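K.L.:
The structure's right below; bear with me while I get my questions together.
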Amino acid sequence: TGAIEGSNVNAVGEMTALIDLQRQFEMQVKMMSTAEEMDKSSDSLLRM
Amino acid sequence: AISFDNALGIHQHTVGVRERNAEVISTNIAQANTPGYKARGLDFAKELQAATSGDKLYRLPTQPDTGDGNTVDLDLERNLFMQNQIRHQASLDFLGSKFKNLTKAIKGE
C-alpha cells in the first residue's frame, strides 16, 4: 500500500526487435523485386 | 492409291491437334491467377489417334500452391507454348508441301 505498479515494458528489448523487423522486412521486399525481375525476363520466350 | 489421305499423311490431323494444344496452353496462362483452377494437360499421342479415326489429364505441380489452389506453373506454360508454336509451324510447312507437290505432279510445272 502507498505505491503504484508501472509497466514492465523493456524499452531496449522493443528497440532491438524493431531493428531486426526492419531488416527482415527489407530483405523480403528485395525478394519481391527479384521475383518480378525474373518474370519480366522470362517473357521473351513467347516473343517470336 | 492416288488419294488425299495417302498423299497428305498425318500432317493434316497433326495441325488440328497442335492448334488444340495451343488453346489448352493459352487457357492455363489466362487462368494462372484464378484460385482453385487446376492446370490442364493434353496428350498428343491420344489426340492424334482420335483425330485419325473419329480423358481429362491434369498436370502435377512441381511445388505446392501458396493457398489459392492453382497448380499452373507459368514458367512451364510459356516453354510449352513456345515449343508448340514451333512444331505447329513445321506441320504447316509439312502439310503445305504436300499440296505443292501434288499440284506440281498434276501439272508438270
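Residue names in the C-alpha cells use chain letters A, B, ... in the order shown, residue numbers from 1 in each chain, and ligand numbers from 1 in the order shown.
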Provide as a list in words the residues of chain B at most 8 Å from chain A, counting only C-alpha atoms.

P.N.:
residues 75, 78, 79, 81 and 82 of chain B

K.L.:
Using DSSP assignments from the backbone, pull out every residue in chain A that falls under alpha helix (DSSP H) and give it to me as a VMD selection string.

P.N.:
chain A and resid 11 to 41

K.L.:
With only C-alpha atoms as the basis for distance, which of B:4, B:37, B:99, B:94 is at the shortest distance from residue 59 in chain B?

P.N.:
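The closest residue to residue 59 in chain B is B:37.
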
K.L.:
What residues in chain B get the DSSP label strand (DSSP E or B)? Please answer as an NGL selection string.

P.N.:
:B and (40-41 or 57-58)

K.L.:
Emit the selected residues as a PDB file, in the first residue's frame, including C-alpha atoms.

P.N.:
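What ended up in out-v4.pdb:
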```pdb
ATOM      1  CA  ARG B  40      -4.918 -28.818 -67.913  1.00  0.00           C
ATOM      2  CA  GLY B  41      -2.652 -31.075 -69.952  1.00  0.00           C
ATOM      3  CA  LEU B  57      -5.370 -35.054 -67.991  1.00  0.00           C
ATOM      4  CA  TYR B  58      -4.107 -32.789 -65.204  1.00  0.00           C
TER       5      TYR B  58
END
```

K.L.:
In Å, rounded to a single decimal, give me how far CA of residue 31 in chain A is from CA of residue 16 in chain A.

P.N.:
23.3 Å
